[PDB]
Amino acid sequence: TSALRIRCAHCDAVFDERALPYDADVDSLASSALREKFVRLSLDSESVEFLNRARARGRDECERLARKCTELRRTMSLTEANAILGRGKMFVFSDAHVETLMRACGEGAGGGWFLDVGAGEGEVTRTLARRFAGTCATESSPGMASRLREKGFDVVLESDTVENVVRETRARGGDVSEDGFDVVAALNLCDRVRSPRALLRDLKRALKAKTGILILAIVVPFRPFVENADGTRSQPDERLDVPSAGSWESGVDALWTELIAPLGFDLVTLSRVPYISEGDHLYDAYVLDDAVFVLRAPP
Numbered sequence: 007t008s009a010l011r012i013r014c015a016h017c018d019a020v021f022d023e024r025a026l027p028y029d030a031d032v033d034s035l036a037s038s039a040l041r042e043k044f045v046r047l048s049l050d051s052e053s054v055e056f057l058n059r060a061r062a063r064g065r066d067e068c069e070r071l072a073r074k075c076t077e078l079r080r081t082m083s084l085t086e087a088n089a090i091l092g093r094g095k096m097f098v099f100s101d102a103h104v105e106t107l108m109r110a111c112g113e114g115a116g117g118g119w120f121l122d123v124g125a126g127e128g129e130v131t132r133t134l135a136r137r138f139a140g141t142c143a144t145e146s147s148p149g150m151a152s153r154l155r156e157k158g159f160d161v162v163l164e165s166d167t168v169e170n171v172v173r174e175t176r177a178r179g180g181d182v183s184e185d186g187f188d189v190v191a192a193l194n195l196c197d198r199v200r201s202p203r204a205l206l207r208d209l210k211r212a213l214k215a216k217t218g219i220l221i222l223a224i225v226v227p228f229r230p231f232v233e234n235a236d237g238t239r240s241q242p243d244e245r246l247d248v249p250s251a252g253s254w255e256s257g258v259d260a261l262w263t264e265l266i267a268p269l270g271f272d273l274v275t276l277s278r279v280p281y282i283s284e285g286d287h288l289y290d291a292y293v294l295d296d297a298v299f300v301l302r303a304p305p
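Just so we're aligned, residue 7 is where the sequence shown starts under PDB author numbering, counting upward by one.
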């Protein structure tokens, strides 16, 4: 009539979909702008549908892909091996999450140019790119860059920098405005890049003045570490005053100041969504705590 109550000491931690945190303590933020500009998102059938992808795939099938992935990544990275096998997909935003934040930033209706930094597979930003008449993407992987040119992206820049992204897009047929893109998404990239300040500065000069929407996602807690190449682990140079542990509210207020706020952005809305990763034969999904900052470019 109910689940089994088995007392163990080595079964790890397991939660359901209702335990996923979507809200936070609003009054526990020293920054005033972070309190009123908070929009609480929630679960939906699209996010739950992503959770059951490992269950509907089969345990024996999730084991075949896992063994083949470790065998493939001897000569490539982890993300490149998952794209070849069609596993390890990432989920952050649902279609309902899109219509909520797009109406909040003013540019709710479709149209304009969109830039996805670090897309690779673009499945995370797939529902978002349906609104813009022009879509661009930047990915340093050659194999994954060719995949983006087949899914609907008009221009796919095969590089890991965004110094002259607004100018290099126009060189490849990207009929984007000379003053920058309209909306740019940098989802879960500050924990991997070396210079997070120089990244936001490059993201700033890539947007239009005044009317310039920026979508930034950072995993909380913020543990920055840069991977050089194969078997070469490094450390970030910019020591941001952000705790490596603690609660979600402390990391947001620490990432707001010191890093995001000194850039001079206008906070449109702040939300808390789970960073869902596709499961396998052991767990249905792996989830991290993610924070979403929607910013407007200064004049």
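Just so you know, even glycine gets a beta-carbon here, dropped at the ideal spot from N, CA and C.
Residue i to residue j span [Cα, whole Å]
i	j	result
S37	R61	42 Å
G186	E169	12 Å
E255	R178	42 Å
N88	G94	5 Å
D197	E244	11 Å
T133	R13	43 Å
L47	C111	15 Å
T238	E145	21 Å
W262	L209	16 Å
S165	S34	40 Å
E184	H103	30 Å
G116	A251	39 Å
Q241	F271	27 Å
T81	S8	47 Å
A39	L78	47 Å
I224	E69	30 Å
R173	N58	42 Å
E23	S53	9 Å
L246	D66	44 Å
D296	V182	30 Å
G257	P249	6 Å
Paired residues, beta bridge with residue i - DSSP
i	result
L26	Beta-bridge pairing links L26 to no other residue.
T275	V300
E284	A291
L121	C142, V190
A223	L193, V298
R239	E233
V161	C142
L213	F187
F44	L276
Identity of the residue in the options nearest residue i by Cα
i	options	result
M96	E174, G126, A212, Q241	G126
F120	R137, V130, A110	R137
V293	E52, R302, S283	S283
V232	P202, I221, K210, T106	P202
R211	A303, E42, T76, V104	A303
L107	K43, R176, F271	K43
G140	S165, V190, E105, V274	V190
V274	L222, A291, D160, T85	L222
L49	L301, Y289, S277, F299	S277
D188	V171, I219, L206	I219
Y289	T7, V54, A19	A19
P227	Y281, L205, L206	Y281
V300	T175, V199, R109, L154	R109
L26	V279, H287, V298	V279
Buried/exposed call for residue i, threshold 16 Cβ in 10 Å
i	result
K216	exposed
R11	exposed
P268	exposed
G92	exposed
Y28	exposed
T131	buried
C17	exposed
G118	buried
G180	buried
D101	exposed
Threshold first: 4 residues or longer. Then list the alpha helix (DSSP H) segments lying entirely within the stretch 47-99, N to C. 51-57, 65-78, 84-91
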